[PDB]
Amino acid sequence: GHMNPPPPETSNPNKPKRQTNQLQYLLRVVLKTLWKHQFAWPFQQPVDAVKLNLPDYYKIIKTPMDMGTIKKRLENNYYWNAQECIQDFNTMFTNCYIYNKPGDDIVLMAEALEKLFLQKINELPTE
Ligand SMILES: Cc1cc(S(=O)(=O)Nc2ccc3c(c2)CN(C)C(=O)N3)ccc1F
């Protein structure tokens with residue numbers, strides 16, 4: 001039958017990780033600002049291709065990422081540096097633009113969240 005893939009890991013004892021003021025800002029300011037946006041909801045958890053009737057999603061998107069995963073990674077101090085976390089946000093946005101049709105509602109939502117994201121990481125503290 002239909003199935004979702006296992007979600008991205010939010011812990012890995014053998015991964016190198018650190019706490020930095022930039023990673024604290026990425027949770028406290030960036031993630032928590034985007035999370036409260038009226039367009040956040042499709043991005044707050046891994047895509048449930050079964051319940052959302054998107055059977056092609058994991059045929060097209062092979063590096064899934066979502067803000068639920070990013071939130072848990074930040075809370076778990078999973079990252080080595082801010083760049084690793086920013087890369088996860090960028091993967092999430094890129095996947096949306098690859099999978100969905102330009103001008104569709106999901107793309108308008110991603111565009112609005114990405115506009116905010118780009119503003120917020122411009123005020124990333126110097127480490
Ligand atoms: C805004 C919106 C959402 C949904 S849905 O949430 O019910 N299904 C859904 C439909 C498409 C997507 C996603 C969810 C999530 N996602 C990250 C993505 O890239 N595409 C369907 C139509 C639609 F216009």
Side-chain angles (χ1 to χ4, degrees):
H2 293 95
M3 47 221 277
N4 291 309
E9 68 185 15
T10 59
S11 292
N12 178 354
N14 281 327
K15 183 183 175 300
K17 55 186 64 84
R18 293 164 66 240
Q19 290 186 96
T20 78
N21 64 315
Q22 297 183 324
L23 283 161
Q24 289 176 308
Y25 171 91
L26 280 161
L27 178 57
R28 186 183 73 255
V29 172
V30 181
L31 182 287
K32 288 183 173 177
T33 296
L34 273 60
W35 191 267
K36 296 308 296 310
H37 196 281
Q38 63 169 127
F39 298 160
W41 55 272
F43 307 98
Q44 285 173 332
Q45 61 284 313
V47 172
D48 185 341
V50 175
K51 264 299 125 176
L52 298 175
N53 194 25
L54 304 173
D56 59 352
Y57 184 81
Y58 293 109
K59 311 311 184 190
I60 295 160
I61 300 306
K62 302 305 189 80
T63 309
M65 187 49 57
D66 66 278
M67 295 202 292
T69 299
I70 293 166
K71 181 177 187 289
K72 284 177 194 154
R73 285 178 176 197
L74 286 165
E75 290 168 347
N76 288 350
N77 305 127
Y78 174 87
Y79 297 110
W80 178 258
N81 63 23
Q83 187 50 45
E84 288 184 343
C85 175
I86 290 166
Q87 181 58 69
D88 283 345
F89 279 100
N90 287 336
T91 296
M92 177 183 78
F93 292 127
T94 295
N95 288 341
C96 189
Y97 304 136
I98 290 169
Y99 176 73
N100 305 273
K101 176 187 172 196
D104 267 14
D105 279 346
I106 287 286
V107 174
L108 294 175
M109 295 167 95
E111 286 183 18
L113 295 172
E114 186 183 18
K115 183 175 179 175
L116 284 171
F117 179 71
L118 290 173
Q119 178 194 336
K120 294 291 138 193
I121 65 171
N122 280 346
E123 301 315 322
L124 190 70
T126 66
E127 188 178 352

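Sequence positions, counted from 1, serve as the residue numbers for this chain. Whatever order the structure lists them in is the order used to number ligands and atoms, beginning at 1. Heavy atoms only: backbone and side chains are in, while hydrogens, waters and symmetry mates are out.
Looking only at protein heavy atoms, the nearest one to atom 24 (F) of ligand 1 is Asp105 CB, 3.3 Å. Regarding atom 9 (C) of ligand 1, its nearest protein heavy-atom neighbour is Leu54 CD1, 3.8 Å. Protein heavy atom closest to atom 1 (C) of ligand 1, with residue, atom name and distance, is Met109 SD, 3.5 Å. Regarding atom 22 (C) of ligand 1, its nearest protein heavy-atom neighbour is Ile106 CG1, 4.9 Å. For atom 5 (S) of ligand 1, the nearest non-hydrogen atom of the protein is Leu52 CD2, 4.2 Å.
Checked by atom type, the side-chain pair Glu9/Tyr78 shows a donor-acceptor distance below 3.5 Å.
Considering backbone and side-chain N/O atoms, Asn100 comes within less than 3.5 Å of an N/O atom of ligand 1.
Between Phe93 and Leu113 the shortest side-chain heavy-atom distance falls below 4.5 Å.
Interatomic distance, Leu54 CG to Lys59 NZ, rounded to the nearest 0.5 Å: 12.5 Å.
Between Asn76 and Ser11, the shortest heavy-atom distance links the atoms ND2-OG, 3.4 Å.
Numbered from 1 in the order shown, with element, the atoms of ligand 1 that lie under 4.0 Å from a heavy atom of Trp41 read 3 (C), 6 (O).
Contact annotation for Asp66 and ligand 1: no heavy atom of the residue comes within less than 4.0 Å of the ligand. Here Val47 has side-chain heavy atoms under 4.0 Å from ligand 1, and that is the only part of it that gets that close.
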Step-by-step side chain to side chain contact (heavy atoms under 4.5 Å, CB included) determination, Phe89 to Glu114: CA-CA 9 Å; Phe89 279 100; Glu114 186 183 18; over 6 Å; no
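Looking at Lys115 and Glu111, no side-chain N of the basic residue comes within less than 4.0 Å of a carboxylate O on the acidic one, giving no salt bridge.
Shown here is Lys72, whose NZ atom has no more than 12 heavy atoms of other residues, nucleotides or ligands within 6.0 Å.
Using a 4.0 Å threshold on non-hydrogen atoms, atom 12 (C) of ligand 1 counts as touching the protein.
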